[PDB]
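Colleague: Experimental structure below, sequence on top.
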Amino acid sequence: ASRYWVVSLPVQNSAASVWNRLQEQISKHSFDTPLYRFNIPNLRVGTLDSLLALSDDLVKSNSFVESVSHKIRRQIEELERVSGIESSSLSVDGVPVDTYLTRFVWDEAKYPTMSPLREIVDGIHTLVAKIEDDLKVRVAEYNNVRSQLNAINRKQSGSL
Amino acid sequence: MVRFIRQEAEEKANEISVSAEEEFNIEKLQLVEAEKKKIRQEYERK
Amino acid sequence: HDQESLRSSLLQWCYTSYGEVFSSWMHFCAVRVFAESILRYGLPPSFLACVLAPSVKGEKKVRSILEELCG
Amino acid sequence: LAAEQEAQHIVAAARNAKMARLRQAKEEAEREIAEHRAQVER
Amino acid sequence: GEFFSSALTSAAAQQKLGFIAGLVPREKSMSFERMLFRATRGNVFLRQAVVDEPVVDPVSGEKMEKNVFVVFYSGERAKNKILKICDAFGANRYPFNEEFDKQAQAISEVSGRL
């Protein structure tokens, strides 16, 4: 599949024509750039030490996201019958890739707690790990089924 | 920068103090419950 | 036949879990927006970046625009 | 600096003054206990 | 001790923080700014020398352009990476007292011992 491709810029460092022009009316329209975003801040933020800890844990979070992406792109596609879930069917946070990447509404109470995210990030990471574990269980079931496949019928067709 | 760190330190100190005060109130409720129990015991003895 | 069904029905549940993982990745990107905001700005979460999969030319133009905060 | 003044005695003052809230809780507990004791004695 | 009046003023102008006292060679200017962006975050202040004289290594008298510097750490979590950055600098690094007079006295005592 596709790895992470999000840009990095705070509110005070918008690259558009105006500070609020990042969402729309930016020069990216002239270049046909598909960039889109919508603010969704948390209830509160941690201290400087908490910020540094979150930055350190972001590496592990990205590694887990990459592992989940690799599992989803490999196990489903290799079966030649599981890749039928399109972007709308596999919509992120209930919105397709057109709208999922244009907003951060996934920060609601489902994976995080809509609260200081120092531990909410870890909780969401644990939830994603559980989802990836379920996907791995499904992949193991598919492997056992393939073991059931290529059964005694794989031998000769008789008189051999 | 530093002002944001100032707010976080004050907010953490304020929340900790409020939690400590609530815990002290709960401890006081338990203490008055124990005092009422022992007062009932001594009244029954009398 | 059971293996084919699992690749079509149980693996349909696997694809649903993949969509859930995509939702989790969207949440991770939302968290990373605030992480970058804290890293290169004040503590409160506030970001004006964007997330997409653009071409090389578009990314180069975005980098040229944002060179005021280059890495 | 400003951060040093923020992490200075400004917060430790409230941390120590939490003992005042604890003392108020103890005082109200004692008052309630004394009132209950007076009522039961009466 | 020089930073006790320079780095302190820089931090006051830019404003709990850690002490990043130590050293950073004349070639460590890029690593102090281009690198360690996650930890410093641009809100910290630092005072550094240009290695005006060849500073002897902590275990070698051959010396080099090992300028010494003192900075502010953005908490212990960021100080963990700041210590690694200072170790990567590999100059004549040694912590000193916060007070300018005490730091100068420590420098004089170390020079006399040397």
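Modeller: Yep, that arrived. Residues are numbered from 1 along each chain as shown, chains lettered A, B, ... in the order given.
Colleague: So what does residue 30 look like in phi/psi?
Modeller: Since no chain was named, I'll use chain A. phi -60, psi -40 (degrees, to the nearest 10).
Colleague: And residue C:11, which helix or strand is it part of?
Modeller: helix C:11-40 (DSSP states H and E).
Colleague: at contact distance from chain B, anything in that helix?
Modeller: No - counting by Cβ under 8 Å from any Cβ of the partner chain, chain B has no neighbours in helix C:11-40; the shortest distance is 9.2 Å. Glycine gets a C-beta too; all of them are placed from N, C-alpha and C.
Colleague: which of the residues in the helix or strand just after that helix are buried?
Modeller: As assigned by DSSP H and E, the chain's next helix or strand after helix C:11-40 is helix C:56-65. Across helix C:56-65, burial judged by 16 or more other Cβ atoms under 10 Å in any protein chain shown covers C:58, C:59, C:61, C:62, C:65.
Colleague: Closest one to chain B out of the residues you listed, please.
Modeller: Ranked by distance to chain B (Cβ to the nearest Cβ), those are led by residue C:65 at 25.0 Å.
Colleague: before we move on, the earlier item: sort out which one of the buried residues of helix C:56-65 lies nearest chain D for me.
Modeller: Among the buried residues of helix C:56-65, and counting by Cβ to the nearest Cβ, the member closest to chain D is residue C:65, at 32.9 Å.
Colleague: just the helices in the chain please.
Modeller: Here I'm looking at chain A. Taking DSSP state H, the helices of chain A run over residues A:48-78, A:97-100, A:117-148.
Colleague: that's the other chain; I wanted chain E
Modeller: Using DSSP H, helices in chain E cover E:3-14, E:29-33, E:37-40, E:75-89, E:100-113.
Colleague: Using PDB, write out the CA atom coordinates for the third one.
Modeller: C-alpha atoms of helix E:37-40 as PDB (Å, rounded to 0.1, in the frame of the first residue of the first chain):
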ATOM      1  CA  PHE E  37      15.300  20.100  16.500                       C
ATOM      2  CA  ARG E  38      12.800  17.800  18.200                       C
ATOM      3  CA  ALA E  39      14.400  18.300  21.600                       C
ATOM      4  CA  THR E  40      15.400  22.000  21.400                       C
END
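Colleague: From the chain's centroid, how far away is it?
Modeller: Here helix E:37-40 is found 16 Å from its chain centre; the criterion is Cα atoms, centre = their mean, to the nearest Å.
Colleague: now for it, which elements pack on it?
Modeller: Applying 3 or more Cβ pairs under 8 Å, 6 or more residues apart in numbering or on different chains; DSSP states H and E, we find helix E:37-40 packed against helix A:48-78, helix C:11-40, helix E:75-89.
Colleague: What parts of chain C come near chain E?
Modeller: So chain C meets chain E at C:38, C:39, C:40, C:71 (Cβ under 8 Å from any Cβ).
Colleague: Mind doing that once more with 7 Å?
Modeller: Counting by Cβ under 7 Å from any Cβ of the partner chain, the positions of chain C adjacent to chain E are C:39, C:40.
Colleague: Can you tell me the closest non-neighbouring residue to the spatially most central residue of chain C?
Modeller: In chain C, the C-alpha nearest the mean C-alpha coordinate belongs to residue C:29, at 4.6 Å (Cα atoms, centre = their mean). In space, and not counting its chain neighbours, residue C:29 is closest to residue A:6: 5.3 Å by Cβ to Cβ, 6 or more residues apart in numbering or on different chains.
Colleague: Give the bridge partners for the one you found, please.
Modeller: Under DSSP bridges, the beta-bridge partners of residue A:6 are residue C:51.
Colleague: That one and residue C:12, how far apart?
Modeller: Using Cβ to Cβ, to the nearest Å, we find residue A:6 at a distance of 29 Å from residue C:12.
Colleague: What's the separation between residue E:72 and chain B?
Modeller: Using Cβ to the nearest Cβ, to the nearest Å, residue E:72 is found at 10 Å from chain B.
Colleague: That residue - how many residues pack around it?
Modeller: 28 (other Cβ atoms under 10 Å in any protein chain shown).
Colleague: likewise residue E:102?
Modeller: Using other Cβ under 10 Å, residue E:102 has 13 neighbouring residues.
Colleague: do the same with residue A:94
Modeller: Counted with other Cβ under 10 Å, residue A:94 comes out at 14.
Colleague: Got the phi and psi for it?
Modeller: Phi and psi for residue A:94, reported as degrees, to the nearest 10, are phi 80, psi 0.
Colleague: Then residue E:96?
Modeller: Torsion angles, degrees, to the nearest 10, at residue E:96: phi -130, psi 170.
Colleague: Identify the residues contacting the most centrally placed residue in chain A.
Modeller: Nearest residue to the geometric centre of chain A (Cα atoms, centre = their mean): residue A:65, 6.1 Å. Taking Cβ atoms under 7 Å, 6 or more residues apart in numbering or on different chains, we find residue A:65 in contact with A:4, C:25, C:28.
Colleague: With adjacent residues omitted, what lies nearest to the second one?
Modeller: Read that as residue C:25. Spatial nearest neighbour of residue C:25, excluding adjacent residues (Cβ to Cβ, 6+ apart): residue A:65 at 5.1 Å.
Colleague: circling back: got CSV for the helices of chain E, with distance to residue E:56 too?
Modeller: CSV is the format used below for the helices of chain E (distance: least, Cβ to Cβ, whole Å):
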stretch, distance to residue E:56
helix E:3-14, 20
helix E:29-33, 21
helix E:37-40, 28
helix E:75-89, 16
helix E:100-113, 11
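Colleague: Of those helices, give the one that comes closest to residue B:41.
Modeller: Smallest distance to residue B:41 across these (Cβ to Cβ): 52.2 Å, for helix E:75-89.
Colleague: buried stuff in the closest one?
Modeller: Within helix E:75-89, the residues scored as buried using 16+ other Cβ under 10 Å are E:75, E:77, E:78, E:79, E:80, E:81, E:82, E:85, E:86, E:89.
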